Amino acid sequence: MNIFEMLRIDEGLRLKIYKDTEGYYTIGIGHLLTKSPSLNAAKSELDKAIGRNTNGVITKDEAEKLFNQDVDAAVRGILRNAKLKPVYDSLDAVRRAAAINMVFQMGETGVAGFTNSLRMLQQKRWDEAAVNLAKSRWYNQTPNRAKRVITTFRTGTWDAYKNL
Ligand SMILES: Fc1c(F)c(F)c(Br)c(F)c1F
């Protein structure tokens with residue numbers, strides 16, 4: 001298990017434009033195209049991302065290319081964020097993956113409200129952190145995925161994924 005396999009489980013793989021859990025146009029391995037309700041706007045974003053005129057369908061290779069870029073972008077975003085970098089630096093590699101997972105799903109704007117959780121994670125108060133993380137829109141809207149990510153933060157193991 002690693003961040004790539006982990007996110008592949010959580011996001012799936014679809015080669016045609018689909019709507020994510022929030023109703024937003026997405027493709028590949030959870031590559032958000034746009035929050036716009038316009039399919040044409042989404043197709044434009046896709047074309048721009050891939051570098052060719054696609055009309056809504058990509059190859060597995062192309063999906064994996066965007067996925068690698070997105071994982072990279074998530075890590076780089078954490079390291080450039082003053083609130084996130086210290087907590088990330090304080091973590092072991094397994095829990096770092098859980099961190100990347102969250103940023104991948106919600107972005108930095110989505111994780112802005114996790115200040116108290118972040119403190120508890122840096123303190124390594126794993127059970128308390130886990131309890132706090134679940135008190136969120138995130139957990140309520142995507143409970144099964146949140147549960148996996150939280151278990152990863154709680155235990156520092158891949159137990160929530162090793163079976164999947
Ligand atoms: F949601 C979270 C993040 F987005 C994050 F970057 C880190 Br480090 C965390 F520890 C976390 F809980």
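Note that the sequence shown covers residues 1 to 164 in the authors' numbering. Using N, Cα and C, we set each Cβ at its ideal position, and we do this for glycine too.
Check for me: the beta strand (DSSP E) holding residue i runs from which residue to which?
i: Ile17; result: 14-19
Please report the residue range of the alpha helix (DSSP H) in which residue i lies.
i: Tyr139; result: 137-141
i: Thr26; result: Looking at the DSSP string, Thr26 is not in any alpha helix (DSSP H); the run it does join, the beta strand (DSSP E), is 25-28.
i: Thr115; result: 115-122
i: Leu39; result: 39-50
i: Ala129; result: 126-134
i: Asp10; result: 3-11
Cutting at 6 Å between CB atoms, please list the residues of its own chain near residue i, excluding the five before and the five after it.
i: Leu133; result: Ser117, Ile150
i: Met120; result: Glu128, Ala129, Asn132
i: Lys43; result: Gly56
i: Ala99; result: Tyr88
i: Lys85; result: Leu79
Tell me residue i's beta-bridge partners as DSSP assigns them.
i: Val71; result: Its beta-bridge partners do not exist; DSSP assigns none.
i: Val103; result: According to DSSP, which records beta bridges pairwise, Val103 is partnered with nothing at all.
i: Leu32; result: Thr26
i: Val57; result: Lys16
Can you give the beta carbon distance from residue i to residue j, rounded, assuming they're within the 8 Å contact cut?
i: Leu15; j: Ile29; result: Incorrect: roughly 10 Å between the Cβ atoms, too far for contact.
i: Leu39; j: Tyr25; result: 7 Å
i: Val57; j: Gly77; result: That pair is no contact at about 28 Å.
Closer than 7 Å by C-beta to residue i: which residues in its own chain qualify, once you throw out the five before and the five after it? Chain order, please.
i: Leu66; result: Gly28, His31, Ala49
i: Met1; result: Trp158, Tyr161, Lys162
I'd like the list of long-range same chain contacts for residue i, defined as Cβ closer than 8 Å, with 5 residues on each side in sequence excluded.
i: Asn53; result: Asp47
Fill in: Three-pair Cβ contact test at 8 Å for the stretch 118-133 versus the stretch 85-95
The answer is yes - the stretch 85-95 touches the stretch 118-133, with three or more Cβ pairs under 8 Å.
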